[PDB]
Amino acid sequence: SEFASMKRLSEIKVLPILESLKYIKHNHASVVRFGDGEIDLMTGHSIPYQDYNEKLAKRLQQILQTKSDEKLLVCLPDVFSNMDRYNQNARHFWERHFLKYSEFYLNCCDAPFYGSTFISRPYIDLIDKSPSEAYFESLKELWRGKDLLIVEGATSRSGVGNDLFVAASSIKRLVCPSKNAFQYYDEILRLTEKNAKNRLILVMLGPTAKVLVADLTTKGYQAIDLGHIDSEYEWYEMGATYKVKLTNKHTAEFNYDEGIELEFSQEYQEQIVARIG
C-alpha cells in the first residue's frame, strides 16, 4: 500500500519556512538543504546540473546523517505533512518522489526534526501566496547589515537586477560552474575559506552547495544554502502564477540553461572576486 507509506513518512517532522528561519537566527546556524536532486544523486542518478559522482553521493549521505544542532540545520522537503499547502502538480511530484524513495526515506531520516528545504522556495508552488511577503522579509533579515560572500554559478546571478540583497553592507562573489561544480570542489572550498573572513556565506550551487556548507561549518563558518531563492523572488516580485522563464539569468527548473541573454551588470562584475572553472 503506497498510501500506508505516505502515512508512515508523515512521522518525519519539518519546521516550516518561518519556523526554520527562527531556528537559524536564534542559533546563528549554517543551513544545508536536501531536495529531490540530492536524493536522486545519493541513490545513483544524474540530475540536470550535476552528473552522478560517487564521492559526492557519499558525502551527501554523511551530511544527511548529521543531527541538526546549534551549528547546522539539516533540511528536508516540507511535504510529509500538510501537503495541501501546495498546488496539485507539486503535490503529485512530491508524493511520487517520496514513494519512489520509500527505501531511502524510511531509513535515512530519523532525526527528531529537520529544517525546511523550502526556505529557498517560498512562493511559486504555494496555493496561498499571502505569507510570501512575510517569508521574504524574514529571509532578508538574515543578511541585512552583513558583509556577504556569495558562492554561486555563472548563470545564478542571485539578486542581480533585483533588490533582494540591497541591505547587505557588501557583496563578494565566487563564481563557479553553472553545472558540474563538484568537479572543482577542492578549489571552491579553498577559495571560499580565503574570502570568508568576517563574512556570512550564502551558497547557491546545487548538490555541491551541501558539501561546501558542511565543510565550512566544520571549519567554523556560518554558511547558508539558499539554492534557487533568486528565481522565487523574481517570480514573487512579478506576481507570477506559474514558473515563467527569466531571460537574463538561470531560472529554477529550466536547468539546461538554454535561451539565456546575459547582460553586463557592472555592479555584479565588481562584486566578483574570482571565477572557478
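All residue numbers are counted from 1 along the displayed sequence.
A.B. asks: Once you work out the mean C-alpha B-factor for both 169-177 and 194-202 from the entry, which is higher?
C.D. replies: Result of the comparison: 194-202.
A.B. asks: Check the entry's C-alpha temperature factors for 226-234 and 213-221, then say which stretch has the higher mean.
C.D. replies: Between 226-234 and 213-221, it is 213-221.
A.B. asks: Taking the Cα B-factors listed in the entry, which of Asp147, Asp128, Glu152, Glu95 comes out highest?
C.D. replies: Across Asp147, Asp128, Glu152, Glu95, the entry lists the biggest C-alpha B-factor for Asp128.
A.B. asks: Report the option among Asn162, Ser156, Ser120, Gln183 whose CA atom has the maximum B-factor in the deposited record.
C.D. replies: Each of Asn162, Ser156, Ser120, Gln183 was compared by C-alpha B-factor; the highest is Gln183.
A.B. asks: Looking at the entry's B-factor column for C-alpha atoms only, identify whether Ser102 ranks in the lowest, middle or highest third of its chain.
C.D. replies: Ranked within chain, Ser102 CA B lands in the highest tercile.
A.B. asks: Is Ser81 in the lowest, middle or highest third of its chain when residues are ranked by C-alpha B-factor?
C.D. replies: Tercile = middle for this residue's CA B-factor.
A.B. asks: Using only modelled residues of the chain, where does the Cα B factor of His45 rank: lowest third, middle third or highest third?
C.D. replies: Middle third by C-alpha B-factor.
A.B. asks: Once the chain's modelled residues are ordered by C-alpha B factor and cut into thirds, is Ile272 in the lowest, middle or highest one?
C.D. replies: Lowest third of the chain for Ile272's C-alpha B-factor.
A.B. asks: Going by the CA temperature factor in the PDB record, which third of the chain does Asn248 belong to: lowest, middle or highest?
C.D. replies: Middle third by C-alpha B-factor.
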